[PDB]
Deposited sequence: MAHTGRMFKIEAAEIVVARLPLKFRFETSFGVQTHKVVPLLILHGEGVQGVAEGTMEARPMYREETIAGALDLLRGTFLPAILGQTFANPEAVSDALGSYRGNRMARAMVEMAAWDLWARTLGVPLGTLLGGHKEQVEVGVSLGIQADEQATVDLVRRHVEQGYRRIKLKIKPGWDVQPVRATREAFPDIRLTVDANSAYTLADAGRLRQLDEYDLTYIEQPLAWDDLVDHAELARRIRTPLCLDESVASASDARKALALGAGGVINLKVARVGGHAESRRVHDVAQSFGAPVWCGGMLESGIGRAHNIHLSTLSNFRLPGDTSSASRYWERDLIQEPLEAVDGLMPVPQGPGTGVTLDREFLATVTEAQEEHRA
């Protein structure tokens, strides 16, 4: 039954890589359990428009006040209570996704299960940066293919695109191979991008401007390689518009980017209704955010491998107790209610740089 949000903590941690990454956590408390989610916004607006400064101000100043001490039927009722404010999806997503965790934990059910998923393990691939040359690329790829990863994503740029791809393809003619074009191209480059076609990529991710659909639709008419949209899809209606236009045949679905789990479900179902698959994008998440991603990835139209690879690839030590490790390109769903993972509070304390508490 119904749940009352009694308190909320905002905990910002700084986590060393292997220089650092800031992890904003929102914890909601209620009914003697808690829900946790992780912000994916950065200090500076590099991947998208939102920033830690603005999202946290929106949380303490607007969203938290609207929900604290209040009672709700479901996470959708929580999202509904955050008014008609424009944009700020990642901020909304912190509240919404923690609400999903909290709510699932009051029922004792795994998050994935509530969202309609029934996979017990999800397929994963890896994304690789730009390497120095054709052989160093192939070497780095081989390391990962020997780990069983089910898709390889290579960054590209002008004019480092056809070469990395052709080399990787010749050594490995059967792997699922993709590229991330990183919004570094123009309709001008349609000719170069078309050269990629003979290497049977599954898609080219977001080759043009990060906020565009119309030019993608045009570029898609000019090349045979499917395009995958990322930043240009921030909602189920964007997904609809993109697919009705022909701007892509694939969507990289990042839960926090679309404002959370429910909306991600809708994105997911709109894609399926068009016969377009989704796959789960990643963003250097701690185990909190990684767990949420895995649970969402259990939905059935997640038919291409996700960037939800092993935690130990990123951190010497994660913010949770449980390991999130994939073997042979498969990441098991972490057992337990909600996310199935648990904050390691002692370790979190040694890397916390800010913490605040909010009540009604």
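Asks: Which parts of the deposited chain sequence are absent from the coordinates, listed in sequence order?
Replies: In the chain as deposited, 1-5, 24-33 carry no coordinates.
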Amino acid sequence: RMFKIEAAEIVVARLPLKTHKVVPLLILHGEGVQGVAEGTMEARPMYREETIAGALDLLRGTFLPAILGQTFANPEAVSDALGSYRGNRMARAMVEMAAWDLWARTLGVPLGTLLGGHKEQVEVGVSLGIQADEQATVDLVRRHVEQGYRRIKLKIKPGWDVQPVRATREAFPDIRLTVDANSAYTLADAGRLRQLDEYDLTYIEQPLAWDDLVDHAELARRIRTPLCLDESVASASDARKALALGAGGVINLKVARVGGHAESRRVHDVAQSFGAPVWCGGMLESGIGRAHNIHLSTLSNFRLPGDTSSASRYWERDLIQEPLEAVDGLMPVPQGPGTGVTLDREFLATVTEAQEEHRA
From here on, numbers count along this sequence of modelled residues.
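Asks: Looking at the entry, does 275-283 or 163-171 show the higher mean C-alpha B-factor?
Replies: The stretch with the larger mean CA B-factor is 163-171.
Asks: Between 93-101 and 213-221, which has the higher average C-alpha B-factor in the PDB entry?
Replies: Comparing 93-101 with 213-221, the higher mean C-alpha B-factor belongs to 213-221.
Asks: Among 313, 295, 303, 60, single out the one with the highest C-alpha B factor in the record, please.
Replies: The record points to 313.
Asks: Among 183, 79, 264, 237, single out the one with the highest C-alpha B factor in the record, please.
Replies: Comparing C-alpha B-factors across 183, 79, 264, 237, the top value belongs to 183.
Asks: When the modelled residues of the chain are sorted by Cα temperature factor, does residue 148 land in the lowest, middle or highest third?
Replies: Its C-alpha B-factor belongs to the middle third of this chain's values.
Asks: Which third of the chain does residue 16 land in by C-alpha B-factor: lowest, middle or highest?
Replies: Highest third, going by the recorded CA B-factors of the chain.
Asks: C-alpha B factor of residue 208, ranked within the chain: lowest, middle or highest third?
Replies: For residue 208, the deposited C-alpha B-factor lands in the middle third.
Asks: Tell me, lowest, middle or highest third: where does the Cα B factor of residue 269 rank within its chain?
Replies: Answer is lowest: the recorded C-alpha B-factor places it there.
Asks: Determine, from the deposited record, the chain-internal third of the Cα B-factor for residue 307: lowest, middle or highest.
Replies: Highest third, going by the recorded CA B-factors of the chain.
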